[PDB]
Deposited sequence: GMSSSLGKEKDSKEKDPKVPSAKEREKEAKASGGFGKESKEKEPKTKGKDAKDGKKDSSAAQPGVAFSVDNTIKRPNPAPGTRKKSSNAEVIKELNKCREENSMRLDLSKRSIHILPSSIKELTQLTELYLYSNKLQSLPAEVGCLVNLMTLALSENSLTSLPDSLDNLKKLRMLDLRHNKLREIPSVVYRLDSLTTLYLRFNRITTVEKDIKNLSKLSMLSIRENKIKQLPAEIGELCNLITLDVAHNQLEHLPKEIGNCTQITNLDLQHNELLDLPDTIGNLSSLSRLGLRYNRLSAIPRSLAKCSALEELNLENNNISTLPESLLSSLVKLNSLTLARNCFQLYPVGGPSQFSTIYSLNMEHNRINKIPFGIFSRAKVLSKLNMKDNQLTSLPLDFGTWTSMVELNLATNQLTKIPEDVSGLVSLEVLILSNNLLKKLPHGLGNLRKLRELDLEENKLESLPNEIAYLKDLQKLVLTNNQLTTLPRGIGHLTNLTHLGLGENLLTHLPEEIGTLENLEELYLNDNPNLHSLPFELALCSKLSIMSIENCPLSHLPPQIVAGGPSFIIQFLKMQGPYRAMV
């Protein structure tokens, strides 16, 4: 590095412990050597004398390359080299007939070393966070591999010999540039954890269904356009995440055959309708995430058999109404309907006794329906950026309500029943048309945060507000407060609280 400045050239001008450890290991005849985290740049050639070593740990060092003397350690079974500057490996490692695990994570390998392809005794190989761009056909020699992780590389395709590794249990090729998965992957019937996330896959091979023991399949953030029907044979899958793909439809028998499916994610896809099938397809999932899609209608009776479903996310969709059986979702706990074209909430919402978190922000709601107070277990209610005009008096029955958000709404006055929310700790009233606050606001002992900024008609605050001893954070920005002295207003929230407390009757 040099700098061509001022019409000239300028430049940025600014192992005894290892030897002792090697001598100690030789004297003690130890079968394990740990030289990790020692800032070693060049490994001493004297290590060749330690022929009895079976485990060598050189990770977290500055090794540019390993000396050829390492090949004399024929008894090595574990070789840890993660977090180094290795660019290649010596060919002398062929003598390591007993090597079973090789760790090469976080290195500077531009390609898999040729000597690694000859270490047929390896059962676990780590190649994460390297610069590898291709996998040679010599991978077939490593038939004994059971764990292969080559994620965080620049691999664009996998050789057809990957299907000859019948002993593979976990295959990690995530965060690569793969565009197609060879059909030979179905020959590795012992694979239980296959990771394909953050790739450029366009489709999955029809032989993926031969992985009867597969339990984890990562397909999020790809270019998949459809799911093959053979995936239904993988009944051992626990979660099916398809976030950020081009999938728009699913096989009818896919979700039904996934008896062990506990969660389903279809976010950031091209779905315009719910997957075709009966209610039985959702009978096993605990959570259903279908946000950022273009779904406009929820089918009637879709969740009739979904007794276990508790979380539903429909954020950022094209919903304009709700199904007539909306009140039958008695098992619902958290419901997210934010960023939709909903204009009203049906009166059947009173039947959601188990509901605890309800989000209805960024909608076209104008009034909360009567019967909303039946939600005894409701804890969080979000109504930010709506067209609400007034709040129903039934809101006083939300004893378990803890957080209430009403930012960016056309509310003018608050009901006098808001003082019964003894568990309320957060109250966001910013950007509203509040002329004044009710005197009952002072009974909220647990209220900790109150937001009142950007209210143009809030000319005065009730004296009962000082009774909130737990009130720590308050926003009063841009408020006129014409009924209070300007000095106290300019002093800050603490000055306003002190003035209210001193003048309190």
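Unmodelled regions of the deposited chain sequence (numbering from residue 1, in sequence order): 1-64, 79-87, 579-583.
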